[PDB]
Amino acid sequence: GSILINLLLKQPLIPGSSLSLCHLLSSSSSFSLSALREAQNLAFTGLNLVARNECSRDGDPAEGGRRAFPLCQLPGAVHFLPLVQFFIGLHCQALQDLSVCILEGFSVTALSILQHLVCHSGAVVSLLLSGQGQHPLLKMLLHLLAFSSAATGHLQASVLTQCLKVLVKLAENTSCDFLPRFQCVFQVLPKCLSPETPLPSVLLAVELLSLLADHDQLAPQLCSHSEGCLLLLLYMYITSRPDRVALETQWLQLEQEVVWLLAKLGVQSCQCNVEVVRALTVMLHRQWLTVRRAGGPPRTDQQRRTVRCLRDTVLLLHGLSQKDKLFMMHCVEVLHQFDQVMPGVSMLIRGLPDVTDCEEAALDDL
Amino acid sequence: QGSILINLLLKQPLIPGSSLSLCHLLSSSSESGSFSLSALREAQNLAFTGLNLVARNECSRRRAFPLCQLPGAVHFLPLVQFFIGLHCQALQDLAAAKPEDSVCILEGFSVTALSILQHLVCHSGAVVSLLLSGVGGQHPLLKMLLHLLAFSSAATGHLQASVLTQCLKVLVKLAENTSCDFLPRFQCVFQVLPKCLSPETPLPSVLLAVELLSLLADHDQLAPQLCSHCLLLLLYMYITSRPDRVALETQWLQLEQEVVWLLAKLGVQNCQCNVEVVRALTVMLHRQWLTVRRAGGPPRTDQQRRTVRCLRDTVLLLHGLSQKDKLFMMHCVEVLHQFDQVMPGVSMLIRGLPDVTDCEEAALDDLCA
């Protein structure tokens with residue numbers, strides 16, 4: 001709602017660099033300053049415009065329809081962009097050129113801004129997803145994204161994360177039809193998933209892979225091409241940790257996201273069908289090896305997330321077994337782990353009081 | 001329930017020319033000894049916090065006008081206090097000498113801050129309280145304003161002009177928005193109004209200063225601190241003799257009108273200055289009358305209506321002066337012919353109007369014999 005103002009004026013947009021919106025506007029040091037000042041003026045104009053926001057009160061009847069959880073139309077926001085795209089360009093203009101350490105910071109800040117906007121506005125979303133003639137901001141992101149990932153620059157750790165939070169929030173706040181505009185993502189998600197990437201990035205890329213997998217023509221963009229296939233990368237990753245910080249909690253977030261992805265894809269309706277089960281078993285044995293010893297009732301939040309993941313994986317595997325009856329064959333390599341876990345996890349879930357006919361039926365099937 | 005304070009705080013045109021907005025402040029860094037950068041950072045965070053506060057404020061308001069208290073504003077204050085104490089100690093030092101560009105940029109910042117501060121003093125009441133309430137001693141922000149005013153009201157600094165303009169405007173508003181019980185908390189300004197009123201004082205600043213004298217004259221204890229023996233003497237020498245060679249008649253007219261409203265607010269309750277008031281008002285009626293009459297007819301201009309209104313008010317005020325002093329003619333002697341050439345035309349005119357008042361009728365009738 002109106003909270004967009006509070007969000008934009010959040011003192012540190014990112015922890016560190018102490019750069020707010022103010023620290024973006026008040027900078028007399030692509031546009032050539034023939035538009036820096038004009039854009040700053042648009043910025044504070046839109047600040048006022050939203051600080052009014054007569055709209056999102058007494059229900060805002062126009063709020064409703066598609067765009068799941070209709071984002072409150074904050075038209076004033078539409079005026080911020082030319083600034084934001086000026087800076088995203090000075091990042092791009094500074095890129096595409098075979099220092100930037102400073103300019104890139106303003107770009108990160110502006111990306112956080114755009115993130116909040118896409119989060120809480122609908123007119124900006126209609127604009128961007130509209131005109132293929134993509135609103136210059138979309139291209140300013142995409143031509144960066146490759147540079148956001150391909151180059152492991154010290155700051156390429158963050159600009160990527162923010163551009164991804166933006167792309168994903170924009171796929172969420174919007175509707176299903178426009179996603180073919182997002183189509184351009186698939187040329188860049190692979191680099192976004194390279195084992196040189198950290199947990200938070202692959203996470204956002206998974207979330208977005210899902211948000212696109214809701215689209216009819218988009219699911220095959222998962223593994224239309226059997227080779228490379230924008231998968232078996234996700235699985236080689238989930239199995240062989242390509243990150244070192246690798247805070248187990250983060251890896252749990254990622255297992256959970258990958259699981260929800262697999263489930264949505266399976267229910268909505270590659271060579272990759274084969275590796276998925278191997279990776280799921282590696283993951284599961286990675287979980288059951290943790291909680292068992294602790295035993296008892298999990299009072300830990302991590303434990304509860306793990307249990308949710310395990311139950312969902314069990315149901316998913318039952319669906320798998322429903323398919324590809326060779327699943328025992330492809331499982332041959334790890335049947336050891338599979339039968340060293342399945343019985344104990346069945347015991348556990350039976351111990352759980354939230355059991356489901358699905359959980360019981362599956363665990364019995366195996 | 002409105003919260004327009006933020007809409008006010010966010011505008012680059014705050015002071016035309018100076019691009020410094022509230023954001024050119026918050027983002028202030030090492031580029032620009034209690035005033036260490038630590039307090040800069042802390043006050044900037046306080047500002048952002050109070051901003052988040054006011055940006056959401058369901059508010060429903062002896063202040064004589066409820067301006068819905070904006071509790072969040074109170075947290076915008078130490079930033080202003082800091083940027084003011086800077087250039088306050090800076091003027092203290094520029095004088096202590098007996099690097100000015102530092103003071104220049106600094107006072108630009110402080111002007112921006114005084115603007116933010118006047119918007120607050122206007123649209124909030126909790127800020128009014130946090131500003132007026134204090135030791136007498138006094139509250140540090142008010143103390144800073146007053147120490148500064150003297151330094152800009154004195155020998156002109158190229159920016160002292162605007163510094164003083166804004167400080168006087170803030171005094172005016174912090175006087176209006178509050179109640180009468182606290183007025184005497186402003187007493188300390190009677191030692192320093194004169195220089196805000198000196199023979200070298202531009203029209204806007206004096207407009208503000210006399211508006212302030214009239215915002216103050218409600219407080220009896222602060223009422224006579226006119227003729228002590230008399231500030232009005234400077235005011236009248238000014239209203240009659242026109243310094244500020246760069247002065248649009250409209251400015252002189254705003255000032256004349258405010259001085260008339262002042263004389264009125266005083267009348268509704270031993271000065272060489274009180275013998276001179278009449279010379280001033282007579283030359284003043286003559287000025288307005290010679291300015292308007294020749295363009296006789298239905299008053300179509302705005303300034304025309306403004307003038308004629310000033311005229312009705314001045315003539316009523318004169319009739320008052322007469323009832324006050326019988327020697328009225330004795331003092332008028334010096335410009336008696338001005339007075340007797342003006343009053344008849346002013347009477348013909350006042351009758352020509354349809355808004356005639358028994359008083360403007362009686363007063364204008366008694367004098368014109």
# chains A, B, ... in the order shown; residues from 1 in each chain; ligands from 1
call {"tool": "residues_around", "arguments": {"residues": "residue 63 of chain A", "least_positions_apart": "6", "cutoff": "8 Å", "atoms": "only C-alpha atoms", "output": "VMD selection string"}}
result
chain A and resid 70 to 73
call {"tool": "write_last_selection", "arguments": {"atoms": "C-alpha atoms", "output": "PDB file, in the first residue's frame"}}
result
ATOM      1  CA  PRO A  70      -3.553  -7.169  -6.788  1.00  0.00           C
ATOM      2  CA  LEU A  71      -0.732  -4.722  -6.247  1.00  0.00           C
ATOM      3  CA  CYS A  72      -2.131  -1.368  -5.198  1.00  0.00           C
ATOM      4  CA  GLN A  73      -1.853   0.930  -8.213  1.00  0.00           C
TER       5      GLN A  73
END
call {"tool": "closest_atom_pairs", "arguments": {"of": "chain A", "to": "chain B", "cutoff": "7 Å", "atoms": "only C-alpha atoms", "output": "CSV"}}
result
residue,atom,partner,partner_atom,distance
A:6,CA,B:52,CA,5.2
A:9,CA,B:48,CA,6.6
A:11,CA,B:48,CA,6.1
A:22,CA,B:23,CA,4.4
A:23,CA,B:27,CA,4.7
A:26,CA,B:24,CA,4.9
A:44,CA,B:10,CA,6.2
A:48,CA,B:7,CA,5.2
A:51,CA,B:55,CA,6.8
call {"tool": "select_by_dssp", "arguments": {"residues": "segment 28-65 of chain A", "states": "alpha helix (DSSP H)", "output": "list in words"}}
result
residues 36, 37, 38, 39, 40, 41, 42, 43, 44, 45, 46, 47, 48, 49, 50, 51 and 52 of chain A
call {"tool": "write_last_selection", "arguments": {"atoms": "C-alpha atoms", "output": "compact mmCIF listing (two decimals), in the first residue's frame"}}
result
# COMPACT_ATOMS: atom_id res chain seq x y z
CA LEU A 36 20.03 13.85 -14.06
CA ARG A 37 18.36 16.97 -12.64
CA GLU A 38 15.09 16.39 -14.49
CA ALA A 39 14.99 12.81 -13.21
CA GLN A 40 15.69 13.90 -9.64
CA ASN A 41 12.78 16.30 -10.01
CA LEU A 42 10.56 13.50 -11.28
CA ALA A 43 11.74 11.54 -8.26
CA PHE A 44 10.66 14.00 -5.60
CA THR A 45 7.48 14.74 -7.57
CA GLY A 46 6.59 11.06 -7.39
CA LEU A 47 7.51 11.07 -3.72
CA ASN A 48 4.80 13.66 -3.17
CA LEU A 49 2.40 11.87 -5.52
CA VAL A 50 2.56 8.65 -3.50
CA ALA A 51 2.69 10.39 -0.12
CA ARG A 52 -0.82 11.41 -1.16
call {"tool": "closest_residue", "arguments": {"among": "A:275, A:92, A:259, A:189", "to": "residue 147 of chain A", "atoms": "only C-alpha atoms"}}
result
A:92
call {"tool": "atom_distance", "arguments": {"atom1": "atom CA of residue 244 of chain B", "atom2": "atom CA of residue 105 of chain B"}}
result
26.3 Å
call {"tool": "closest_residue", "arguments": {"among": "B:241, B:205, B:102, B:81", "to": "residue 152 of chain B", "atoms": "only C-alpha atoms"}}
result
B:205
call {"tool": "atom_distance", "arguments": {"atom1": "atom CA of residue 173 of chain B", "atom2": "atom CA of residue 245 of chain B"}}
result
28.1 Å
call {"tool": "residues_around", "arguments": {"residues": "residue 82 of chain B", "least_positions_apart": "5", "cutoff": "9 Å", "atoms": "only C-alpha atoms", "output": "VMD selection string"}}
result
chain B and resid 35 39 to 40 43 77 110
call {"tool": "write_last_selection", "arguments": {"atoms": "N, CA and C atoms", "output": "PDB file, in the first residue's frame"}}
result
ATOM      1  N   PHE B  35      30.116  19.030  17.366  1.00  0.00           N
ATOM      2  CA  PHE B  35      29.606  18.766  16.028  1.00  0.00           C
ATOM      3  C   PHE B  35      30.539  17.861  15.241  1.00  0.00           C
ATOM      4  N   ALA B  39      27.577  12.790  15.073  1.00  0.00           N
ATOM      5  CA  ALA B  39      26.264  13.383  15.278  1.00  0.00           C
ATOM      6  C   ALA B  39      25.584  13.657  13.948  1.00  0.00           C
ATOM      7  N   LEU B  40      26.362  13.972  12.912  1.00  0.00           N
ATOM      8  CA  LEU B  40      25.789  14.067  11.575  1.00  0.00           C
ATOM      9  C   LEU B  40      25.071  12.777  11.203  1.00  0.00           C
ATOM     10  N   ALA B  43      21.932  12.136  13.547  1.00  0.00           N
ATOM     11  CA  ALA B  43      20.827  13.034  13.246  1.00  0.00           C
ATOM     12  C   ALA B  43      20.202  12.706  11.899  1.00  0.00           C
ATOM     13  N   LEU B  77      14.418  17.419  14.432  1.00  0.00           N
ATOM     14  CA  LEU B  77      14.921  18.667  14.988  1.00  0.00           C
ATOM     15  C   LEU B  77      16.426  18.670  15.190  1.00  0.00           C
ATOM     16  N   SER B 110      22.337  25.641   6.182  1.00  0.00           N
ATOM     17  CA  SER B 110      21.558  26.098   7.325  1.00  0.00           C
ATOM     18  C   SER B 110      20.293  26.824   6.893  1.00  0.00           C
TER      19      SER B 110
END
call {"tool": "closest_residue", "arguments": {"among": "A:108, A:234, A:128, A:94", "to": "residue 15 of chain A", "atoms": "only C-alpha atoms"}}
result
A:108
call {"tool": "closest_residue", "arguments": {"among": "B:351, B:319, B:337, B:147", "to": "residue 84 of chain B", "atoms": "only C-alpha atoms"}}
result
B:147
call {"tool": "residues_around", "arguments": {"residues": "segment 156-171 of chain B", "least_positions_apart": "6", "cutoff": "8 Å", "atoms": "only C-alpha atoms", "output": "PyMOL selection string"}}
result
chain B and resi 104+107+111+114-115+117-118+121+145+149+196+202+204-205+208-209+212
call {"tool": "decode", "arguments": {"residues": "segment 195-218 of chain A", "atoms": "C-alpha atoms", "output": "PDB file, in the first residue's frame"}}
result
ATOM      1  CA  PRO A 195      28.481 -23.506  -9.880  1.00  0.00           C
ATOM      2  CA  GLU A 196      30.395 -20.251  -9.384  1.00  0.00           C
ATOM      3  CA  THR A 197      27.199 -18.693  -8.023  1.00  0.00           C
ATOM      4  CA  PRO A 198      26.188 -18.482  -4.347  1.00  0.00           C
ATOM      5  CA  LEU A 199      23.143 -19.924  -2.618  1.00  0.00           C
ATOM      6  CA  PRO A 200      20.974 -16.763  -2.652  1.00  0.00           C
ATOM      7  CA  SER A 201      21.266 -16.297  -6.409  1.00  0.00           C
ATOM      8  CA  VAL A 202      20.435 -19.849  -7.497  1.00  0.00           C
ATOM      9  CA  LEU A 203      17.547 -19.535  -5.040  1.00  0.00           C
ATOM     10  CA  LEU A 204      16.005 -16.549  -6.798  1.00  0.00           C
ATOM     11  CA  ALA A 205      16.639 -18.206 -10.156  1.00  0.00           C
ATOM     12  CA  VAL A 206      14.699 -21.245  -8.943  1.00  0.00           C
ATOM     13  CA  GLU A 207      11.821 -19.103  -7.703  1.00  0.00           C
ATOM     14  CA  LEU A 208      11.734 -17.433 -11.109  1.00  0.00           C
ATOM     15  CA  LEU A 209      12.035 -20.702 -13.022  1.00  0.00           C
ATOM     16  CA  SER A 210       8.846 -21.615 -11.170  1.00  0.00           C
ATOM     17  CA  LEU A 211       7.041 -18.323 -11.782  1.00  0.00           C
ATOM     18  CA  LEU A 212       7.667 -18.966 -15.472  1.00  0.00           C
ATOM     19  CA  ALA A 213       6.847 -22.673 -15.249  1.00  0.00           C
ATOM     20  CA  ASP A 214       3.302 -21.597 -14.435  1.00  0.00           C
ATOM     21  CA  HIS A 215       3.044 -20.532 -18.085  1.00  0.00           C
ATOM     22  CA  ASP A 216       1.893 -23.020 -20.713  1.00  0.00           C
ATOM     23  CA  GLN A 217       4.450 -22.260 -23.424  1.00  0.00           C
ATOM     24  CA  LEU A 218       7.096 -21.753 -20.741  1.00  0.00           C
TER      25      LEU A 218
END
